[PDB]
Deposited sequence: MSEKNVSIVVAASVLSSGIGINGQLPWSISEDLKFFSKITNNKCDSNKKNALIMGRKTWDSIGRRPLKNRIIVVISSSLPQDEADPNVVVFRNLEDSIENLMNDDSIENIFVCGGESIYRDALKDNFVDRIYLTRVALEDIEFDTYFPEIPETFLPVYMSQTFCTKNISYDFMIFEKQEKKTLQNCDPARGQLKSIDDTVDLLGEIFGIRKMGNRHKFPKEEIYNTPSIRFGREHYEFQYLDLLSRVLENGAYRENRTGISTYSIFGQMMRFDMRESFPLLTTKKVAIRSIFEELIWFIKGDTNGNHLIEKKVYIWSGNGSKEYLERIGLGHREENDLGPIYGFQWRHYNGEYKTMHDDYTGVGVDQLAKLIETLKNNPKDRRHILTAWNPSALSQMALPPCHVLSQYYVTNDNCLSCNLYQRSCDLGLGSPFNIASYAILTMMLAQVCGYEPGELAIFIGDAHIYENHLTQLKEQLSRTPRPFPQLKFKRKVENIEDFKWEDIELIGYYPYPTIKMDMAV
């Protein structure tokens, strides 16, 4: 028995694959993907067979594919022995004669329209599925890819790629059937030493809290860098109290890694409020600490830490209603500046870290001191809340890309973390355009990674959703100064998330 794999490129939601006898898109890299997989063989004196329907055979110009033998399923095509690279069969079952008879065929690929896909799955001929999920859904389709049967399980999901501002993935599905001593030794050592063995302090998450657990070795989509951290906290998190009335499950010392070259790290397993994230970031960039300016733009994330009852509770009753004090955006633009109120004019006072960062990224790109800090011990007592994202470093690669590292001392994985991922991604892209670079990578290093106990049912629901390709984010215009960005300048392309999940903030 030889292998029979399905190759298909379908839309991410409705699984559309065609329109009016052709594809709904033109993605060059996806065709090169089709070519390399269908040519991938082990024996030199053998070829692969590509099965396709007649309409698909028409759509490719009715011309052969090099180094391969095309098999056309048709009820009315002549079975002429003229073309040795193209053969015609009357039904799909007969065309699977290559298995038993033809020993010159190594592997078999099904890749030819809805009619052939649906019959190849209903008759249980397919061993593996190569799916290319494309992020295009507000268009018209007339040919779809059938629903994948439950007998298949995902084993691979690539990172998100981008062609002509279109996001797409690459997945592999395997059909289900019915080193040995190293794992045993580690288990025995774990029985002897309790939590003395550090592995037992970092236990692998159980399958019941592992997002898409059938993907073991192919967890390439960088949203798994966030989802697996959720799983790691649910497994190893210590129940601990904190300044709020809501206890958490907390571990210490974690990291996440994200790409920004070919996609934008906005979570797809939950609809993330991208507008509020931006309006908070430009609020930091402008140097503003007036909490009213966010409420005037219908952004209330800082209303909890900016009520008169909260400020008098922490010893800042002399402060105005939403005067959050010297915080993010006051240490960015006026570091070590004497803070009075939020209405005063601070032009010239303090150290403008953001300005020095932009000027250093352009004049000395390979400098190792592109640092933006917000942890100022002399001003902590005056802040409405100590900074969570305390320090960030930036890096110019040899191909003119801008990467970013962030250390955040405390991380609300339910609310703050999805914001921190997107917020510092936008900041890096802003810094890249003003400095003339392209976006690079984003790494976030976390101290107290925790989950609030009132987010448990919500985050467990989020872990039940298999991720979708990351969207794209582009700027509509090039700005003179970094302060000039507006919400209308941001174009979010290809974002098809799961429904939003409500989670209450702990004050």
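Annotation: deposited residues 1-2, 181-192 are not represented by C-alpha coordinates in the model.
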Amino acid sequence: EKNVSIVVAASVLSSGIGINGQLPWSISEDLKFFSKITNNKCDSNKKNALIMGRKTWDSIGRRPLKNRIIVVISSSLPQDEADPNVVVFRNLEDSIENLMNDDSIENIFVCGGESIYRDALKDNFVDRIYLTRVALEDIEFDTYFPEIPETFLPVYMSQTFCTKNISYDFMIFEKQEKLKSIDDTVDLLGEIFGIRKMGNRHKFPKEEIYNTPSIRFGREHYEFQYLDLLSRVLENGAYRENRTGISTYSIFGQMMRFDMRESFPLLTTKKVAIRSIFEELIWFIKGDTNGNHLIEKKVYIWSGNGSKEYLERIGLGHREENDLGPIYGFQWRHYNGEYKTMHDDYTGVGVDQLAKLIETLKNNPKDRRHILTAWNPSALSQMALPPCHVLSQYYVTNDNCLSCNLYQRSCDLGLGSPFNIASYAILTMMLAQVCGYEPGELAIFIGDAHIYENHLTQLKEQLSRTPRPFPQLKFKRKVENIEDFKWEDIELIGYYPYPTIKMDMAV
From here on, numbers count along this sequence of modelled residues.
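By rigid core we mean the largest C-alpha set that fits within 1.5 Å across both forms.
Farther from the shown form on average, by C-alpha root mean square after a core fit in 8 other deposited structures of this protein, is 98-106, of the stretches 98-106 and 120-128. Greater average departure of CA atoms from the shown form, over structures and residues in 8 other deposited structures of this protein after a core fit, characterises 179-187 among 356-364 and 179-187. As recorded in the PDB entry, 299-307 is the stretch of 299-307 and 116-124 with the greater mean C-alpha temperature factor.
Comparing 310-318 with 146-154, the higher mean C-alpha B-factor in the PDB entry belongs to 310-318.
Between the residues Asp169, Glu220, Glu174, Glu93, the entry's highest C-alpha temperature factor is the one at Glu93. Out of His370, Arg232, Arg333, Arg201, the entry records its largest CA B-factor for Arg333. Compared with the other modelled residues of the chain, the Cα B-factor recorded for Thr56 ranks in the middle third. Among all modelled residues in this chain, the alpha-carbon of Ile274 has a temperature factor (C-alpha) in the middle third. The PDB entry assigns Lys47 a C-alpha temperature factor belonging to the highest third of its chain's modelled residues.
Among the modelled residues of the chain, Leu385 sits in the highest third by CA temperature factor in this PDB entry.
Placement of the Cα temperature factor of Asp187 within the chain: middle third of the modelled residues, per the deposited record.
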